[PDB]
Amino acid sequence: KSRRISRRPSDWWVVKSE
Amino acid sequence: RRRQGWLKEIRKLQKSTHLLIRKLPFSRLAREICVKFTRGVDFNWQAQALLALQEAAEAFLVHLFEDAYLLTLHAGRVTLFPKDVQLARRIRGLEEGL
Amino acid sequence: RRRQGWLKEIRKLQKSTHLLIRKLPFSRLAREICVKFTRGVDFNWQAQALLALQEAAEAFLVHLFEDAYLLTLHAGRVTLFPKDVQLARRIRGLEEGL
Amino acid sequence: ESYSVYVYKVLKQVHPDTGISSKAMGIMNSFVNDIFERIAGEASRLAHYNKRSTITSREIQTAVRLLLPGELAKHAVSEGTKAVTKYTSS
Amino acid sequence: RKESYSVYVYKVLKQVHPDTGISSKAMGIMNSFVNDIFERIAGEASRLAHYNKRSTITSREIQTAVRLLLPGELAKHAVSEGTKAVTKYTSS
Amino acid sequence: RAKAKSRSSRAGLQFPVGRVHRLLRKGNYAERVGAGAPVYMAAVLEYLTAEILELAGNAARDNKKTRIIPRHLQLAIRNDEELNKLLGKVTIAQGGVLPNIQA
Amino acid sequence: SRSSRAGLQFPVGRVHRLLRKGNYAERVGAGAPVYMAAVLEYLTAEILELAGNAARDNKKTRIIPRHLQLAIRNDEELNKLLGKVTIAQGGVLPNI
Amino acid sequence: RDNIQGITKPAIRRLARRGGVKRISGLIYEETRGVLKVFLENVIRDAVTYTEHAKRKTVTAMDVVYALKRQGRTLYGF
Amino acid sequence: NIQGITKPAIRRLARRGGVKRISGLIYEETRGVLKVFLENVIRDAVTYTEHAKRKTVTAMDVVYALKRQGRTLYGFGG
DNA sequence: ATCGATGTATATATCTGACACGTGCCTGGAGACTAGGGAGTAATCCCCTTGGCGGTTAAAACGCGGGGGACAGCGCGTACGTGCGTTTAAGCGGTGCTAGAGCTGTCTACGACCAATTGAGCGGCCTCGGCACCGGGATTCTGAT
DNA sequence: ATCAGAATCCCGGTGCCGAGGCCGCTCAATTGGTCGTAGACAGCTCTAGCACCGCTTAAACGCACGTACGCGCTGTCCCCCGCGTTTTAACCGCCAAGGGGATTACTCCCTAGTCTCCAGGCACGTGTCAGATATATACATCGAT
């Protein structure tokens with residue numbers, strides 16, 4: 001499949017360092 | 001003895017209109033940023049493109065500082081803090097602070 | 001006697017999804033504020049128009065309150081003050097806060 | 001008119017046993033309509049900026065690259081490059 | 001060649017002020033500004049006409065467009081300035 | 001003539017390609033629309049709908065519900081970082097706020 | 001010679017060609033270019049009068065982009081119309 | 001008997017509790033009533049405009065969501 | 001190479017912003033927010049250029065990217 | 001710091017109105033051919049970009065005293081949460097009505113389109129004066145008295 | 001309360017380069033005419049918003065009380081700011097080389113357009129169950145003690 005990876009970074013917006 | 005001389009600097013910098021950041025390190029930073037997404041090949045820049053980018057970045061930064069300083073004085077203190085500017089970016093919106 | 005019951009209210013209200021404000025006073029207020037710009041002639045209102053208006057109004061209001069809560073926690077207190085929501089509307093922008 | 005079929009079709013394809021309410025159907029319909037309008041407007045100003053009158057496959061690809069965020073777009077681009085190469089294959 | 005609105009803003013500037021000059025950067029600023037405003041009202045009028053199943057951009061459409069786009073007070077003069085020209089344009 | 005095969009069937013997609021072709025032709029975006037342009041559009045719309053419906057199904061499976069309600073759509077769209085950026089300016093009707101309590 | 005037919009300064013033919021080439025709609029009306037040229041002329045006349053005031057109070061006969069920013073930020077309606085804009089070489093308002 | 005005080009204190013309280021507010025001061029109820037006024041003064045003033053262009057006298061659900069989309073914050077499902 | 005926006009430069013930017021006092025921990029995050037702003041704007045302008053068959057980013061593409069993001073810039077557009 | 005009675009999670013019946021599917025019908029989509037032009041592709045030139053060298057110089061960096069600033073602790077009085085009694089207006093449902101949305105037919109005045117004509121708008125030249133810079137002088141606070 | 005030295009304002013001088021005026025060219029605006037049709041207008045029909053009545057009942061209003069917290073003050077620690085000295089790379093000025101931006105010309109394959117037929121999509125209808133709701137049971141709990 002290779003569906004897009006989902007992570008939960010501390011930042012609400014995934015702009016810097018994912 | 002020159003005491004409390006920051007107000008004169010505030011007035012002088014608010015009256016002026018020229019760019020505050022130098023052009024050569026900013027252009028080096030712009031090229032360092034642009035080299036990452038172009039998968040390797042070197043791109044050329046126009047003389048006015050870098051000037052427009054510097055003007056837009058200065059406007060963005062002056063907006064962030066001028067709306068975060070009022071957040072700091074809203075908390076009661078006069079020192080600007082990074083948590084305050086982070087909160088300002090969080091509350092300004094997805095397209096206004098980011 | 002039920003102690004610290006605001007947590008249960010917050011959990012139940014964030015778990016639910018129905019409209020909070022009533023329908024008849026909202027429709028009355030909407031008609032009374034719409035009679036101003038219609039140059040004096042009464043207008044009709046569809047059944048879904050009032051519902052969509054109430055949904056948009058409650059969404060905007062709940063977003064304003066959740067964003068102002070961050071500013072209140074930033075000031076070191078827990079109660080909400082009108083200066084805080086005014087500051088939130090001011091930092092949000094001219095179009096976003098008004 | 002509004003299309004509620006294809007959404008149900010792709011929903012049954014991705015999940016064989018899940019239904020959908022009528023309101024969520026209208027939500028998805030309005031959502032795809034808005035996304036289609038945004039991508040089309042982006043592609044239109046793209047073609048207008050370069051003195052072009054035809055909207056080829058490159059314009060819509062660059063438009064969706066501008067509109068959609070980074071990690072998704074790649075995937076989407078792949079889907080695009082997986083579609084046309086079959087459509088012109090026949 | 002290149003197109004611009006530099007001559008018309010110069011004429012209206014000479015009309016509003018007989019002895020005031022204009023620089024070159026301000027020229028480009030006003031040019032880009034009037035282009036952006038024109039594009040905004042034209043696109044908004046196009047969306048409104050497509051909303052109402054219309055294919056012609058009659059003056060009513062852009063009137064409603066500028067009335068919707070501009071703030072309250074300015075529109076009160078804007079609609080008072082457009083029709084006054086239209087009523088003159090129909091004078092022939 | 002040959003059999004009437006729709007281009008959506010020959011492209012391996014579920015979204016209609018002729019419908020979006022007519023919509024682009026009447027959408028006043030440009031006087032000429034390409035051939036592969038509606039196909040790309042149908043593919044990306046199909047992918048986006050699949051992504052949001054898969055998230056909605058994951059958000060409805062844990063609640064022991066086999067029907068997608070508008071609350072599930074909000075819960076699924078606000079749990080994805082990229083979909084939140086795509087749908088940040090928009091708000092969903094009949095959708096509650098995410099349960100978050102500050103310390 | 002119908003550019004000054006309605007007594008305006010902006011051309012009606014240029015905006016007509018721009019409307020026909022912008023692909024906003026398949027058809028355009030007759031009074032729409034005249035109305036649009038008139039409203040654009042009014043907007044630019046307002047902002048130029050404000051800039052002329054902002055230049056005469058500084059004893060400068062040549063307008064500068066700083067005065068444009070000053071005039072666009074003093075008035076509340078022009079600021080409301082141009083909220084997400086940035087003027088090149090335009091300093092921030094003298095506020096403390 | 002004004003329609004602006006129709007939004008009672010428990011209604012605004014429930015709105016704030018949904019927003020995650022712990023404690024509310026007493027001067028908030030008089031403030032947001034103005035804010036909710038202004039937000040309801042900007043939307044419909046656009047909506048009626050969308051009904052002034054057509055020859056209609058009603059505010060349909062399409063006009064409200066159109067005005068909201070023009071403002072920026074739009075709604076799905078209508 | 002991100003050290004170009006030095007400490008007196010950010011200090012002067014804050015002075016133009018009306019800020020009086022500046023903590024010593026700001027210079028580790030203002031560079032980051034400048035970096036993310038540039039990484040957004042430059043990436044939009046560079047895909048704008050790459051759509052056409054060119055290799056040099058021009059000032060028109062930068063202002064196009066800025067307009068698509070939301071903060072339009074006048075003066076260089078033409 | 002353990003225990004309970006208050007609340008919480010779950011299991012079972014019901015019944016329902018929305019959901020899924022099935023049918024009929026037709027208008028939009030597909031197959032086929034045309035002819036016309038916007039776009040792909042090669043040449044070219046020269047304008048703009050990149051790169052480098054030397055010389056300067058204001059800007060940056062570093063170090064240090066200090067006094068103003070952030071923050072913790074604490075008392076106080078006030079303002080808001082909570083519970084209970086009371087009342088009031090939202091809300092359900094049921095009926096009736098008609099203003100107005102919506103569809104249809106028609107006729108036309110309006111706008112697209114093409115050819116000939118030319119004058120308003122754009123490119124190049126210049127020329128000079130408004131503005132930047134600098135020196136001198138008079139004033140006016142701000143730290144100093 | 002009372003005051004002098006840099007900071008500020010204003011004047012004059014010199015300069016110099018960008019703004020405005022002028023001229024020549026030229027293609028987009030104008031004029032004239034024609035033809036097809038989008039929409040204005042009327043008119044007709046059906047519906048959905050509006051208005052009312054009766055009744056119900058849950059939410060709102062108010063009042064009192066308790067206590068949690070916004071606010072003001074004080075004290076202590078410290079870390080940006082100002083000042084001086086040393087260092088440096090940003091910038092100016094100049095030159096050289098060439099990369100590809102922009103323009104032109106040729107051709108041709110893609111696409112609007114038109115017609116012809118038909119099936120995928122929409123309106124309507126109807127059986128059926130997912131879930132909202134009521135009731136009962138097992139279990140974690142947070143305040144009194």
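Residue numbering: from 1, along the chain as shown.
Backbone N, Cα and C define each Cβ position, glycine as well.
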Which candidate, of F:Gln74, F:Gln94, Swiss-Prot gives the annotation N5-methylglutamine: F:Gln94
Lowest local Cβ density (other Cβ within 10 Å) among recorded positions: F:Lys5, F:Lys26, F:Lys64, F:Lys85, F:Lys89: F:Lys64
Inter-residue C-alpha distance, F:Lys3 (ubiquitin cross-link) and F:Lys89 (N6-glutaryllysine) (nearest angstrom): 45
Residues near F:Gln94 (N5-methylglutamine) in space but at least six apart in sequence (CB under 8 A): F:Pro70, F:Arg71
List of residues, in chain order, with Cβ under 8 A from that of F:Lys65 (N6-(2-hydroxyisobutyryl)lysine) and at least 6 apart: F:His72
For F:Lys89 (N6-glutaryllysine), the one of F:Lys5, F:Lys26, F:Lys64 that lies nearest, given that the recorded positions are compared by Cα: F:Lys26
Proximity to chain D among modified residues F:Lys26, F:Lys64, F:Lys85, where any Cβ pair is under 8 Å: F:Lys85
Cβ neighbour count (within 10 Å, all chains shown) around F:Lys3 (ubiquitin cross-link): 4
F:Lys26 (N6-(beta-hydroxybutyryl)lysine) to F:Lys85 (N6-glutaryllysine) - Cα separation in whole Å: 29
